[PDB]
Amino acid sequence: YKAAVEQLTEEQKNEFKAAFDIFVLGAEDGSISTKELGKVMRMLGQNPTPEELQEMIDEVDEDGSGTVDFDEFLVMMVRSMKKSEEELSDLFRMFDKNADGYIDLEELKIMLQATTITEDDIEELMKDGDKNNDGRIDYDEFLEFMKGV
């Protein structure tokens, strides 16, 4: 909910902002349309249909603008943290190409293709998610990372 968004620390909002920035790369009016959602999806190795992408945009577009702005992105995230389990597993697998149950530094570099976010940002992301210091994020770490401890 809108209010719950204000429970996020200032650092969480910034991190979500960094993620939002990747989606709006080269976007009109800096908001996420089906076009940008399709580009990230494709960069992650998927091949969504127009119906699937439109379904995702409508699910989080609260003002019927047809696009997702940062405020709506935040609410969307707050909502998933506080079905979500399944999307999380798929997302993990999108990064875990060899299916060994880990996301290593190289696999995270997928986010630099056709791209705002930098290698330093990636190595930092890795440190944030890698709790046991083995240079990788396993599924349990990933879930804790995505849900918030």
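Start at 1 with the first residue shown and count on from there.
- According to the record, the deposited sequence contains 1 to 3 residues between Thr115 and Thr116 that were left without coordinates.
- The modelled chain breaks between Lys82 and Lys83, where 4 to 9 residues of the deposited sequence lack coordinates.
- When the two stretches 116-124 and 31-39 are set side by side, the higher mean Cα temperature factor goes to 116-124.
- Stretches 134-142 and 8-16 differ in mean C-alpha B factor, with the higher average recorded for 8-16.
- Within the selection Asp69, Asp96, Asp90, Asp63, the deposited Cα B-factor values reach their highest point at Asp63.
- Sort the chain's modelled residues by C-alpha temperature factor and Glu107 lands in the lowest third, per the entry.
- The deposited CA B-factor of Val75 belongs to the highest third of values across its chain.
- Ranked against the other modelled residues of its chain, the C-alpha B-factor of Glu52 as given in the entry falls in the lowest third.
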